[PDB]
Structures are given as structure tokens and as C-alpha cells.
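Engineer: Have a look at the structure that comes next, please.
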Amino acid sequence: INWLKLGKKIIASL
């Protein structure tokens, strides 16, 4: 899964 916080890392991942 991916939480709001986890998503930031993905949103940050370019």
C-alpha cells in the first residue's frame, strides 16, 4: 500500500 506520507516519497521521486 501507500499512505499520504509514503506517497510524498513517490511524488518526490521525480
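Each chain of the C-alpha cells is named A, B, ... in the order shown, its residues numbered from 1; ligands are numbered from 1 in display order.
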From a DSSP calculation on the backbone, collect every residue of chain A in helix (DSSP H, G or I) and output the set as a compact mmCIF listing (two decimals) with N, CA and C atoms, in the first residue's frame.
Structural biologist:
```
# COMPACT_ATOMS: atom_id res chain seq x y z
N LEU A 4 -0.56 8.67 2.54
CA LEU A 4 -0.30 10.07 2.20
C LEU A 4 1.18 10.40 2.33
N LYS A 5 1.79 9.90 3.40
CA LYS A 5 3.20 10.16 3.65
C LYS A 5 4.06 9.38 2.67
N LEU A 6 3.75 8.10 2.50
CA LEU A 6 4.51 7.27 1.57
C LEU A 6 4.44 7.86 0.17
N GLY A 7 3.27 8.40 -0.17
CA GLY A 7 3.06 9.00 -1.48
C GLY A 7 4.03 10.15 -1.73
N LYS A 8 4.31 10.94 -0.70
CA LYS A 8 5.21 12.08 -0.86
C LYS A 8 6.55 11.63 -1.42
N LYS A 9 7.02 10.49 -0.95
CA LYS A 9 8.28 9.95 -1.42
C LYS A 9 8.17 9.63 -2.90
N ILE A 10 6.99 9.18 -3.30
CA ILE A 10 6.75 8.84 -4.69
C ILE A 10 6.55 10.11 -5.49
N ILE A 11 5.85 11.07 -4.90
CA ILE A 11 5.62 12.33 -5.58
C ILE A 11 6.95 13.07 -5.69
N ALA A 12 7.83 12.78 -4.75
CA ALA A 12 9.15 13.39 -4.73
C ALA A 12 10.05 12.66 -5.71
```
